[PDB]
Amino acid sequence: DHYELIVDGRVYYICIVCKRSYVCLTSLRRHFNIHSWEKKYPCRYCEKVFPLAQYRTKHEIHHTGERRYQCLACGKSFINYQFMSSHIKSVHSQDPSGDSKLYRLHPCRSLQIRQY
């Protein structure tokens, strides 16, 4: 499934197939589905299948049109981080990865996923 590389006490897990390296073994296993397709994640709204559960989730939010990311400076909402970020940078000349929280991520309500 994988092998290990250790440099300066640091442990990395190497994918047998593509030789990508991971700090986290769980990352390796998650990534490896791409090669093996042991598990499948079918979009419940269309024919598409995904090698990662989170890819399907992001895809399914596109079908529902829920806009979970809201700019706190003007109230506009966006379907993902990327649209929200580029809005805030270009319209508000600010960075949401900065020290201030410039946005809110709402709970997913248009489908059923894990709640924080």
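Quick note: we count residues from 1 along the sequence shown, nothing fancier.
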Entry B factor averaged over C-alpha atoms, 8 to 16 against 102 to 110: higher for 8 to 16
Regarding 75 to 83 and 30 to 38, which shows the higher C-alpha temperature factor on average in the entry? 30 to 38
Per the deposited B-factor column, the C-alpha that peaks among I61, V49, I88, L52 belongs to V49
Ranked C-alpha temperature factor of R56 among modelled chain residues, by third: middle
